[PDB]
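As a starting point, one isolated chain is supplied in structure tokens, in the form deposited in one PDB entry.
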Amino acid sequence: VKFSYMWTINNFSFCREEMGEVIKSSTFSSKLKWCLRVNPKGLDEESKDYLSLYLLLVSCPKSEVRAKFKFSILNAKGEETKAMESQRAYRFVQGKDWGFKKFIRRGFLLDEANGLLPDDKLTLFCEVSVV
């Protein structure tokens, strides 16, 4: 079953999150509930120069599901760019997240000349395929 979520994070340049701090999206579905989570300053010292991006299984009545996923950024022209796809379907349990600790370099994303923060909005697009 394949579905998607578009997450707009407004006023992205005003984010005060420090390394390890997280923002979660609203939940979305295709009884399963998913959300996205971003670490604007990464998780640890190795990733503090990047935004980290994860898919989280928030609610699941089964013990586990398997899902592949793809994240991309919608640019100022409304087009997908800088996509990263999971290598395979990963096993999720409720509370488990999978994703990319080094999804996008902050010094690239935050320079507005690259066109990824139109009106200071970061727009992320996620596709999920549950096996």
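One rule holds for the numbers: they count along the sequence shown, beginning at 1.
Keep in mind that the form deposited with a partner chain bound is missing from the display, and what follows is about it.
Within 4.5 Å of some heavy atom of its partner chain in the deposited bound form lies at least one heavy atom of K101. At the 4.5 Å threshold, heavy atoms of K96 reach its partner chain in the deposited bound form. Contact between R37 and its partner chain in the deposited bound form is found at the 4.5 Å heavy atom cutoff.
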